[PDB]
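Have a look at the structure below before the remarks.
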Amino acid sequence: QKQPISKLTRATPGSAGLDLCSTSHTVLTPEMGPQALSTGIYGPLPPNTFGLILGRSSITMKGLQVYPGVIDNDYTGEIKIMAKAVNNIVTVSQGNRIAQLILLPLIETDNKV
Amino acid sequence: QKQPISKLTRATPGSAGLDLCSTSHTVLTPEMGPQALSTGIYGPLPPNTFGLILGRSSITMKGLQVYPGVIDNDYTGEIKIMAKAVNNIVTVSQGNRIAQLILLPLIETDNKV
Amino acid sequence: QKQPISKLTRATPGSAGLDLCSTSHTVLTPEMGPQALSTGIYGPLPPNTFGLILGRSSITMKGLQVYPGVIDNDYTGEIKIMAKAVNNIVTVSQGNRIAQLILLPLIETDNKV
Ligand SMILES: O=c1ccn([C@H]2C[C@H](O)[C@@H](COP(=O)(O)O)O2)c(=O)[nH]1
Ligand SMILES: O=c1ccn([C@H]2C[C@H](O)[C@@H](COP(=O)(O)O)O2)c(=O)[nH]1
Ligand SMILES: O=c1ccn([C@H]2C[C@H](O)[C@@H](COP(=O)(O)O)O2)c(=O)[nH]1
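Listed below in structure tokens is the structure:
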């Protein structure tokens with residue numbers, strides 16, 4: 024876009040996740056293995072939070088696996104969805120909502136950096 | 024059931040997850056792709072929390088993949104486990120503990136709803 | 024090791040995850056299904072936290088799936104990474120960073136234990 028994370032929207036007031044759509048039309052087959060789908064949405068995240076990319080249930084049930092992804096607080100690049108056709112040929116259309124971004128507290132530890 | 028989430032139990036005091044068993048006997052093959060397993064347990068969740076469904080390690084190691092699922096705070100339907108046989112035929116018996124529900128803080132943002 | 028979790032390091036100040044490497048050389052094929060990779064790193068976790076094991080994006084994109092794993096607060100054994108070659112033969116070398124440990128708040132409920 025570059026579009027910030029503040030332009031994502033959430034389905035309902037109770038929704039845990041911010042919806043992420045692909046900006047591309049993409050056809051995916053099982054033998055293709057993981058593919059990085061474009062979102063046009065960019066990091067970074069609110070202070071003291073990090074992000075988790077997870078699939079939507081309807082999409083997962085339709086045979087498209089989204090691999091859990093961690094977005095770091097200070098990531099400033101494009102948020103991509105890591106996706107794979109499980110059994111069937113899977114077609115993603117431009118603007119389909121394919122994943123969700125969940126925001127979570129970033130816990131501070133003394134681990135060396 | 025309908026059974027609320029307050030009837031789930033946790034393995035040990037330190038357990039992060041609430042145990043979820045299937046209420047059905049189900050046989051799963053790899054070529055079947057994702058299947059939604061019944062739990063008889065229903066949303067909604069404590070205030071300002073959302074839920075994450077994840078597999079148990081022993082089950083995952085036995086060849087049954089549970090796909091991460093997001094339960095929204097205000098979801099009032101039945102919590103299903105999205106499961107797939109990875110390589111082998113997998114048999115689930117009634118009342119086997121197949122997944123776990125982890126509760127997490129729901130972070131409020133200004134994103135449009 | 025036995026090495027505590029306090030010896031893990033994080034890539035950048037903003038990194039959500041603590042890096043986990045395999046201590047073994049391991050070759051993984053798709054027909055092998057899930058394998059538990061050794062880390063030499065042991066629980067337990069900071070008070071009132073639990074742990075989530077997730078893959079790294081580059082590794083996932085290279086065809087190695089890490090299955091999400093839950094580390095309980097009071098787990099005192101070795102943290103293993105549950106991994107599977109998706110399509111291709113995957114080779115893991117000693118000390119490759121293959122996964123990440125994310126720490127999360129442990130929410131207290133009244134569920135029976
Ligand atoms: O599903 C994902 C996973 C990661 N990333 C970006 C954000 C992360 O901050 C960065 C580095 O990822 P890791 O290799 O640390 O997981 O890659 C994504 O866009 N999507
Ligand atoms: O593994 C899952 C994922 C989702 N849901 C229910 C709860 C969610 O609030 C609802 C909508 O899911 P999403 O499509 O937003 O992920 O479906 C489940 O029961 N199990
Ligand atoms: O990916 C994983 C998942 C689990 N465990 C260990 C830590 C958990 O506390 C313990 C029991 O796991 P569950 O069966 O409750 O998920 O196994 C791991 O080392 N790695």
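Keeping their order, the protein sequence lines are chains A, A' and A''. A prime marks a further copy of an entry chain. According to the deposited numbering, the stretch in the first sequence is residues 24 to 136, in order. According to the deposited numbering, the stretch in the second sequence is residues 24 to 136, in order. According to the deposited numbering, the stretch in the third sequence is residues 24 to 136, in order. Yeah, the Cβ is synthetic: ideal placement off N, Cα and C, and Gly gets one too.
- Message: Can you give me the C-alpha to C-alpha distance between A/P70 and A''/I76, rounded to a whole angstrom?
- Response: Cα-Cα distance, rounded: 23 Å.
- Tell me, please, whether the segment 31-48 of chain A'' touches the segment 106-125 of chain A' by the rule of three or more beta-carbon pairs shorter than 8 Å. No: fewer than three Cβ pairs fall under 8 Å.
- Message: Using a Cβ-based criterion (distance less than 7 Å to any ligand heavy atom), does A'/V93 qualify as near ligand 2?
- Response: Indeed, a heavy atom of ligand 2 lies less than 7 Å from the Cβ.
- Count the other CB atoms within 10 Å of the CB of A/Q24; is the residue buried (16 or more) or exposed (fewer)? Looking at its Cβ environment, which holds fewer than 16 other Cβ atoms inside 10 Å, A/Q24 is exposed.
- Task: Indicate whether A/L60 and A/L124 have their beta-carbon atoms separated by less than 8 Å.
- Result: In this structure, A/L60 sits away from A/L124, with a CB-CB distance that is not shorter than 8 Å.
- Count the other CB atoms, across all protein chains shown, that sit within 10 Å of the CB of A''/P27; report buried if there are 16 or more and exposed otherwise. Here A''/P27 is exposed. Its C-beta has fewer than 16 other C-beta atoms within 10 Å.
- Exposure of A/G56, with buried meaning 16 or more beta-carbon neighbours within 10 Å: With 16 or more other CB atoms across the displayed protein chains lying within 10 angstroms of its CB, A/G56 is buried.
- Task: Return the residues of the segment 36-56 of chain A'' that lie within a Cβ-Cβ distance of less than 9 Å from chain A, sorted by chain order.
- Result: In summary, the residues of the segment 36-56 of chain A'' whose CB is separated from some CB of chain A by less than 9 Å are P36, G37, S38, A39, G40, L41, in the order they occur in the chain.
- Look at the Cβ atom of A'/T83, then the Cβ atom of A''/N134, and state whether they are nearer than 8 Å. No.
- Is the Cβ of A''/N110 closer than 8 Å to any Cβ of chain A'? False, the Cβ-Cβ gap to chain A' never drops below 8 Å.
- Item | Distance cut-off 7 Å: A'/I102 Cβ against heavy atoms of ligand 2 | It does: the Cβ of A'/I102 is within 7 Å (strictly closer) of some heavy atom of ligand 2.
- Query: Which residues of chain A have a Cβ atom closer than 7 Å to the Cβ of A''/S81, listed in chain order?
  - Reply: The contacting residues do not exist; A''/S81 stays about 10 Å from chain A at best.
- Reference A''/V115, options A''/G66, A''/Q58, A''/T35, A''/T99, closest by Cα: Of the candidates A''/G66, A''/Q58, A''/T35, A''/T99, the one whose C-alpha sits nearest the C-alpha of A''/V115 is A''/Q58.
- Message: Rounding to the nearest angstrom, what Cα-Cα distance links A/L127 and A'/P128 in this structure?
- Response: C-alpha separation (whole angstroms): 7 Å.
- What residue does the beta strand (DSSP E) around residue 143 of chain A' start on, and which one ends it? The structure shown has nothing for residue 143 of chain A', since chain A' only spans 24 to 136.
- Query: Does the Cβ-Cβ distance between A/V109 and A/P53 come in under 8 Å?
  - Reply: For the 8 Å CB-CB criterion, A/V109 and A/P53 form a contact.
- Would the beta-carbon of A''/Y90 be found less than 7 Å away from any heavy atom of ligand 2? Not under cutoff, so the answer is no.
- Residues that A''/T72 contacts on chain A, provided the C-beta gap is smaller than 7 Å: Identification of chain A residues near A''/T72 by a Cβ-Cβ cut-off of 7 Å yields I130, ordered along the chain.
- With DSSP collapsed to three states, give me the class of A/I64. DSSP places A/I64 in strand when its eight states are reduced to three.
- Task: Give me the Cβ distance between A''/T62 and A''/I104, rounded to the nearest whole Å; I'm assuming they're in contact under 8 Å.
- Result: Between A''/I104 and A''/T62 the Cβ distance is about 6 Å, and since that is below 8 Å, they are a contact.
- Compare the C-alpha of A''/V113 against each of A''/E131, A''/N96, A''/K85, A''/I130 and name the closest. Among A''/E131, A''/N96, A''/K85, A''/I130, the Cα nearest to that of A''/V113 is on A''/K85.
- Task: Quick one: residues in its chain with C-beta nearer than 6 Å to the C-beta of A/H48, no 5 flanking neighbours on either side, listed in chain order?
- Result: Excluding residues within five positions, the ones whose Cβ falls inside 6 Å are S116, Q117.
- Task: Let me know the secondary structure DSSP gives A''/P57 once reduced to three states.
- Result: Residue state, collapsed to three classes: coil.
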